[PDB]
Amino acid sequence: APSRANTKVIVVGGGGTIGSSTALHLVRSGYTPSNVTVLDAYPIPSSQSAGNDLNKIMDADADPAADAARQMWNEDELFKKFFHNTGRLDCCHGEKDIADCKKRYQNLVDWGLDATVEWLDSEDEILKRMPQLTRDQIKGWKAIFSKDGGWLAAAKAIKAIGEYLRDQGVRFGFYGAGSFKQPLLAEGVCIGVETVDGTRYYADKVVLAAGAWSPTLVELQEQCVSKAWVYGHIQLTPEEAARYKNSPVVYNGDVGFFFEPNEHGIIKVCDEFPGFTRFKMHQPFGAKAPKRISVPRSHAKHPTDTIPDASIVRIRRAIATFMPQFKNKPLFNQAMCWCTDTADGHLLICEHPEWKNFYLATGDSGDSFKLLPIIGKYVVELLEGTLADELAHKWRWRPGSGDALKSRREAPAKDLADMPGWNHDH
Ligand SMILES: *Cc1cc2c(cc1C)nc1c(=O)[nH]c(=O)nc-1n2C[C@H](O)[C@H](O)[C@H](O)COP(=O)(O)OP(=O)(O)OC[C@H]1O[C@@H](n2cnc3c(N)ncnc32)[C@H](O)[C@@H]1O
C-alpha cells in the first residue's frame, strides 16, 4: 500500500455531495492533487446532483457525523458563508401532530436540554415570531421555534469545493469522459474505471459516490432504492423579498415547507411526502440480466421534465397556506431531485465485498446534504482502513436487511408511471 502522496484515487460522482467532499478530504489529507481524478456525468457542481439546489435545511441532529458537520458549517472557512443561521419554525396542527410535537419538545426539555428552542402555544405567538404569516390560514396551529440551524446554500457550497479542487490541480473528467460504465477488474481487484466514451482510468482505489445512480451503475441487491422529491420556485419583488430577509425555515409536516428568498428574491417551496420511484428495466454492472429497478429520471438529461400534477397541487396548497398573498405567482423551475434510501436510512459506506479497492459511498437516504463538510473524512478513513468500527458496521454492505421501498418512511414510494404531469417529451 503506497503512502498518501503516492496513492491514486478515482472519485466517481465527484461533482456531487459525497463525491466532492471525498475529493476535498483526499486533498486536505495530503493526497497529491494530480493523483486524484474526479469523474462525473456533469461538471461540478453536477446539474443532476441532489446538492445542486438553492437551499437545504440544516437541523439540530445530535448524531456524531451531523455534529462534526455542524462545527464545520460554523467554523470552516470554505463552508461557513453558506450556512444561514435563520432557525426553523416547525408548525403543527390537528390533535395527532400537536401531540407528537409536544412530545418532541418535551424530549428536548428532558434529554439534551432545550435552551435554543421555544414552544409557541397559539396563532398569535407564532405571528409574533413570523408576522408574514396570515392568521386565518393557521387557525389551531402551534409550533416549535429552534434558533439553531437554518439553511445551507447547497449548490454554492459544492461550487466552492470545485473551485478549491481546481486550483489545487485535481484532475477532472466530465460527460462521456466522466460517465461511469464499469469498474476495471483484474482477478477480483478493482484497478480503475471505464467511462461511456471508452476512456480507461487506472488508480489504486475507486470510490462510487453516484448518489441515486449508484444502484443503476453496479448491482446493489435492492440495498438502495432511488426516489425523487419535488420543488418549485416563486419570484418576489425586491420589496416583497425584503419582508422575508433572515426569515426562518418554515415547515408543517401536513403541508410542506419554504425558505427565505435568495439574493435574487426567489423562494423555493417543497412538498412533504415519501418520494417517487421510477421503475424500469436496467442492467447494472454485476447483474446477469436486466432487472426492474428504480432508475432516476434526470432533470439534467430531460430539462423539459417538471413534477407530477399531484405535486403541483400540494405545492400550491403550501403557498396558499403559508403565503396566500402570493398565490397568483407562477411556480417555475419545477424539478425532481433524486436520492437513494436504504432500509434503515443509514448510509452505505463500505468496500465492495467482491471487488477489492472498489468502495461504495451512497445510501444518502434523503438527509445527507448537511454532512457535505465532513462526509469525505469518513470515506478517506474507509479507504485507509481506519474508519471507526461502529460506523463501519452501521454503514456496512447489507442486502436483505429490509425493504428500502418504504425504508423508515410512512409509506412505500409511489411510482412516476402512475403520477401524470411531469413528462413533456411528446
Ligand atoms: C432531492 C432532495 C434532497 C434533499 C432535500 C430536498 C430534496 C428535494 N432536502 C435536504 C435537506 O433539507 N437537508 C439535507 O441534509 N439533505 C437534504 N436532501 C438530501 C441531500 O440532497 C442528499 O442526501 C445528498 O445531496 C446526496 O448526496 P450524494 O452525493 O449521495 O448524491 P448527489 O449529490 O446527487 O451526487 C451523485 C453524483 O453522481 C453523479 N453521477 C451519476 N451517474 C454517474 C455516472 N454514471 N458516472 C459518474 N457520475 C455519475 C451525478 O451526476 C451526481 O453529481
# chains A, B, ... in the order shown; residues from 1 in each chain; ligands from 1
$ residues_near_ligand --ligand "ligand 1" --cutoff "7 Å" --atoms "only C-alpha atoms and all ligand atoms" --output "PyMOL selection string"
chain A and resi 12-19+39-42+45-51+56-58+178-181+209-213+217+228-231+336-339+362-371
$ write_last_selection --atoms "C-alpha atoms" --output "short mmCIF file (atom, residue, chain, number, x, y, z; two decimals), in the first residue's frame"
data_model
loop_
_atom_site.label_atom_id
_atom_site.label_comp_id
_atom_site.auth_asym_id
_atom_site.auth_seq_id
_atom_site.Cartn_x
_atom_site.Cartn_y
_atom_site.Cartn_z
CA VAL A 12 -16.96 8.61 -9.38
CA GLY A 13 -19.71 11.18 -8.80
CA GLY A 14 -17.14 13.69 -7.65
CA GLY A 15 -19.36 16.54 -8.94
CA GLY A 16 -21.92 15.65 -6.25
CA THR A 17 -22.24 15.89 -2.47
CA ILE A 18 -20.39 12.87 -1.06
CA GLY A 19 -18.03 12.72 -4.03
CA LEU A 39 -15.33 11.72 -12.78
CA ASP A 40 -18.92 12.93 -13.14
CA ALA A 41 -21.61 12.77 -15.78
CA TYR A 42 -21.86 16.58 -15.42
CA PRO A 45 -21.46 21.14 -9.27
CA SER A 46 -23.28 18.48 -11.28
CA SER A 47 -26.55 19.69 -12.75
CA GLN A 48 -28.24 16.43 -11.60
CA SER A 49 -26.66 16.31 -8.12
CA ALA A 50 -29.24 16.40 -5.30
CA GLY A 51 -26.95 19.03 -3.77
CA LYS A 56 -31.28 22.76 2.03
CA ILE A 57 -32.27 22.62 5.71
CA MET A 58 -29.68 22.45 8.48
CA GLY A 178 -16.78 11.13 -16.80
CA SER A 179 -19.86 8.85 -17.03
CA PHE A 180 -19.01 5.56 -15.36
CA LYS A 181 -19.79 2.40 -17.32
CA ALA A 209 -20.36 8.28 -4.90
CA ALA A 210 -23.05 8.25 -7.59
CA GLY A 211 -26.00 9.06 -5.30
CA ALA A 212 -29.32 7.84 -6.67
CA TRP A 213 -27.49 6.43 -9.72
CA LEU A 217 -24.44 1.50 -12.07
CA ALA A 228 -37.45 11.70 -6.13
CA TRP A 229 -38.65 14.70 -4.19
CA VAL A 230 -40.04 17.88 -5.74
CA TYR A 231 -39.94 21.62 -5.56
CA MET A 336 -37.49 16.35 -9.41
CA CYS A 337 -34.41 15.78 -7.22
CA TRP A 338 -33.16 12.22 -6.62
CA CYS A 339 -31.80 10.43 -3.53
CA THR A 362 -24.00 6.21 -1.04
CA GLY A 363 -27.30 5.40 0.77
CA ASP A 364 -27.72 9.14 1.47
CA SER A 365 -31.41 8.45 2.42
CA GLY A 366 -32.54 11.99 1.75
CA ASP A 367 -30.85 13.73 4.67
CA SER A 368 -27.14 13.89 3.91
CA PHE A 369 -26.62 17.32 2.35
CA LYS A 370 -25.87 18.73 5.83
CA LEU A 371 -22.95 16.26 6.00
#
$ residues_around --residues "region 245-262 of chain A" --least-positions-apart "4" --cutoff "7 Å" --atoms "only C-alpha atoms" --output "count of residues only"
17
$ residues_around --residues "residue 294 (chain A)" --least-positions-apart "3" --cutoff "6 Å" --atoms "only C-alpha atoms" --output "list in words"
residues 226, 277, 278 and 279 of chain A
$ write_last_selection --atoms "N, CA, C and O atoms" --output "PDB file, in the first residue's frame"
ATOM      1  N   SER A 226     -33.909   4.200  -5.214  1.00  0.00           N
ATOM      2  CA  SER A 226     -33.827   5.601  -5.602  1.00  0.00           C
ATOM      3  C   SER A 226     -35.222   6.216  -5.764  1.00  0.00           C
ATOM      4  O   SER A 226     -36.119   5.602  -6.292  1.00  0.00           O
ATOM      5  N   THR A 277     -40.630   6.702  -6.947  1.00  0.00           N
ATOM      6  CA  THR A 277     -39.728   5.873  -7.757  1.00  0.00           C
ATOM      7  C   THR A 277     -39.967   6.098  -9.240  1.00  0.00           C
ATOM      8  O   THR A 277     -40.926   6.754  -9.641  1.00  0.00           O
ATOM      9  N   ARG A 278     -39.086   5.514 -10.054  1.00  0.00           N
ATOM     10  CA  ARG A 278     -39.298   5.420 -11.479  1.00  0.00           C
ATOM     11  C   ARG A 278     -38.721   4.096 -11.922  1.00  0.00           C
ATOM     12  O   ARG A 278     -37.635   3.999 -12.468  1.00  0.00           O
ATOM     13  N   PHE A 279     -39.537   3.039 -11.737  1.00  0.00           N
ATOM     14  CA  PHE A 279     -39.056   1.718 -12.109  1.00  0.00           C
ATOM     15  C   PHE A 279     -38.960   1.583 -13.623  1.00  0.00           C
ATOM     16  O   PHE A 279     -39.864   2.011 -14.362  1.00  0.00           O
TER      17      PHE A 279
END
$ residues_around --residues "residue 358 (chain A)" --least-positions-apart "3" --cutoff "10 Å" --atoms "only C-alpha atoms" --output "MDAnalysis selection string"
chainID A and resid 10 183:185 189:193 204:208 350:355 383
$ atom_distance --atom1 "CA of residue 96 (chain A)" --atom2 "CA of residue 124 (chain A)"
21.1 Å
$ atom_distance --atom1 "CA of residue 162 (chain A)" --atom2 "CA of residue 44 (chain A)"
6.1 Å
$ residues_around --residues "residue 332 (chain A)" --least-positions-apart "2" --cutoff "12 Å" --atoms "only C-alpha atoms" --output "ChimeraX atom specification"
/A:230-235,266-269,304-307,312,315-316,329-330,334-335
$ write_last_selection --atoms "N, CA and C atoms" --output "PDB file, in the first residue's frame"
ATOM      1  N   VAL A 230     -39.598  16.877  -4.788  1.00  0.00           N
ATOM      2  CA  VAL A 230     -40.042  17.876  -5.736  1.00  0.00           C
ATOM      3  C   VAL A 230     -39.986  19.257  -5.111  1.00  0.00           C
ATOM      4  N   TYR A 231     -39.760  20.255  -5.984  1.00  0.00           N
ATOM      5  CA  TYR A 231     -39.944  21.620  -5.562  1.00  0.00           C
ATOM      6  C   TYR A 231     -40.262  22.500  -6.762  1.00  0.00           C
ATOM      7  N   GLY A 232     -40.683  23.711  -6.439  1.00  0.00           N
ATOM      8  CA  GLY A 232     -40.694  24.782  -7.423  1.00  0.00           C
ATOM      9  C   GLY A 232     -40.380  26.125  -6.775  1.00  0.00           C
ATOM     10  N   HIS A 233     -40.368  27.178  -7.595  1.00  0.00           N
ATOM     11  CA  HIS A 233     -39.911  28.482  -7.152  1.00  0.00           C
ATOM     12  C   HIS A 233     -40.950  29.568  -7.457  1.00  0.00           C
ATOM     13  N   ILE A 234     -41.007  30.588  -6.596  1.00  0.00           N
ATOM     14  CA  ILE A 234     -41.746  31.804  -6.935  1.00  0.00           C
ATOM     15  C   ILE A 234     -40.822  33.016  -6.809  1.00  0.00           C
ATOM     16  N   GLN A 235     -41.086  34.023  -7.641  1.00  0.00           N
ATOM     17  CA  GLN A 235     -40.258  35.212  -7.698  1.00  0.00           C
ATOM     18  C   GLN A 235     -40.942  36.376  -6.950  1.00  0.00           C
ATOM     19  N   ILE A 266     -35.973  34.849  -4.946  1.00  0.00           N
ATOM     20  CA  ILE A 266     -36.664  33.618  -5.289  1.00  0.00           C
ATOM     21  C   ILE A 266     -36.861  32.759  -4.038  1.00  0.00           C
ATOM     22  N   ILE A 267     -38.119  32.364  -3.806  1.00  0.00           N
ATOM     23  CA  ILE A 267     -38.492  31.455  -2.714  1.00  0.00           C
ATOM     24  C   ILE A 267     -38.647  30.076  -3.344  1.00  0.00           C
ATOM     25  N   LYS A 268     -38.025  29.082  -2.710  1.00  0.00           N
ATOM     26  CA  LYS A 268     -38.272  27.683  -3.059  1.00  0.00           C
ATOM     27  C   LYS A 268     -39.261  27.059  -2.075  1.00  0.00           C
ATOM     28  N   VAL A 269     -40.241  26.339  -2.639  1.00  0.00           N
ATOM     29  CA  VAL A 269     -41.307  25.696  -1.902  1.00  0.00           C
ATOM     30  C   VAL A 269     -41.287  24.197  -2.205  1.00  0.00           C
ATOM     31  N   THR A 304     -36.967  19.463 -19.996  1.00  0.00           N
ATOM     32  CA  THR A 304     -38.379  19.739 -20.197  1.00  0.00           C
ATOM     33  C   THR A 304     -39.275  19.042 -19.155  1.00  0.00           C
ATOM     34  N   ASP A 305     -38.737  18.098 -18.374  1.00  0.00           N
ATOM     35  CA  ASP A 305     -39.496  17.467 -17.304  1.00  0.00           C
ATOM     36  C   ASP A 305     -39.830  18.503 -16.240  1.00  0.00           C
ATOM     37  N   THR A 306     -40.987  18.338 -15.633  1.00  0.00           N
ATOM     38  CA  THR A 306     -41.385  19.125 -14.476  1.00  0.00           C
ATOM     39  C   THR A 306     -41.576  18.164 -13.298  1.00  0.00           C
ATOM     40  N   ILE A 307     -42.748  18.217 -12.653  1.00  0.00           N
ATOM     41  CA  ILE A 307     -43.084  17.408 -11.483  1.00  0.00           C
ATOM     42  C   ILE A 307     -44.526  16.937 -11.683  1.00  0.00           C
ATOM     43  N   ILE A 312     -47.718  19.603  -7.886  1.00  0.00           N
ATOM     44  CA  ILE A 312     -48.081  20.996  -8.093  1.00  0.00           C
ATOM     45  C   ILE A 312     -49.239  21.386  -7.187  1.00  0.00           C
ATOM     46  N   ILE A 315     -47.936  21.796  -3.651  1.00  0.00           N
ATOM     47  CA  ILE A 315     -47.096  22.989  -3.507  1.00  0.00           C
ATOM     48  C   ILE A 315     -47.966  24.257  -3.565  1.00  0.00           C
ATOM     49  N   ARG A 316     -48.995  24.275  -4.453  1.00  0.00           N
ATOM     50  CA  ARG A 316     -49.980  25.334  -4.458  1.00  0.00           C
ATOM     51  C   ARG A 316     -50.733  25.457  -3.155  1.00  0.00           C
ATOM     52  N   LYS A 329     -48.598  34.013  -8.094  1.00  0.00           N
ATOM     53  CA  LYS A 329     -47.291  33.969  -8.716  1.00  0.00           C
ATOM     54  C   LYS A 329     -47.066  32.621  -9.406  1.00  0.00           C
ATOM     55  N   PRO A 330     -46.513  32.575 -10.644  1.00  0.00           N
ATOM     56  CA  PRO A 330     -46.179  31.303 -11.278  1.00  0.00           C
ATOM     57  C   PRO A 330     -45.123  30.527 -10.504  1.00  0.00           C
ATOM     58  N   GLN A 334     -39.682  24.090 -11.781  1.00  0.00           N
ATOM     59  CA  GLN A 334     -40.172  22.866 -11.176  1.00  0.00           C
ATOM     60  C   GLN A 334     -39.202  21.735 -11.517  1.00  0.00           C
ATOM     61  N   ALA A 335     -38.798  20.934 -10.508  1.00  0.00           N
ATOM     62  CA  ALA A 335     -37.891  19.831 -10.811  1.00  0.00           C
ATOM     63  C   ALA A 335     -38.052  18.715  -9.782  1.00  0.00           C
TER      64      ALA A 335
END
$ select_by_dssp --residues "region 96-309 of chain A" --states "strand (DSSP E)" --output "PyMOL selection string"
chain A and resi 117-120+142-146+150-152+171-174+180-186+189-195+200-202+205-208+225-235+249-252+256-258+266-270+276-277+279-282+291-294
$ select_by_dssp --residues "region 160-382 of chain A" --states "helix (DSSP H, G or I)" --output "ChimeraX atom specification"
/A:160-168,175-177,211-217,238-242,309-322,324-326,369-382
$ closest_residue --among "A:412, A:376, A:308, A:140" --to "residue 123 (chain A)" --atoms "only C-alpha atoms"
A:140
$ atom_distance --atom1 "CA of residue 284 (chain A)" --atom2 "CA of residue 216 (chain A)"
5.2 Å
$ closest_residue --among "A:323, A:419, A:117, A:405" --to "residue 133 (chain A)" --atoms "only C-alpha atoms"
A:323
$ closest_residue --among "A:347, A:320, A:374, A:379" --to "residue 137 (chain A)" --atoms "only C-alpha atoms"
A:320
$ closest_residue --among "A:128, A:77, A:227, A:219" --to "residue 289 (chain A)" --atoms "only C-alpha atoms"
A:219
$ closest_residue --among "A:139, A:264, A:62, A:174" --to "residue 113 (chain A)" --atoms "only C-alpha atoms"
A:62
$ closest_residue --among "A:55, A:71, A:423, A:223" --to "residue 151 (chain A)" --atoms "only C-alpha atoms"
A:55
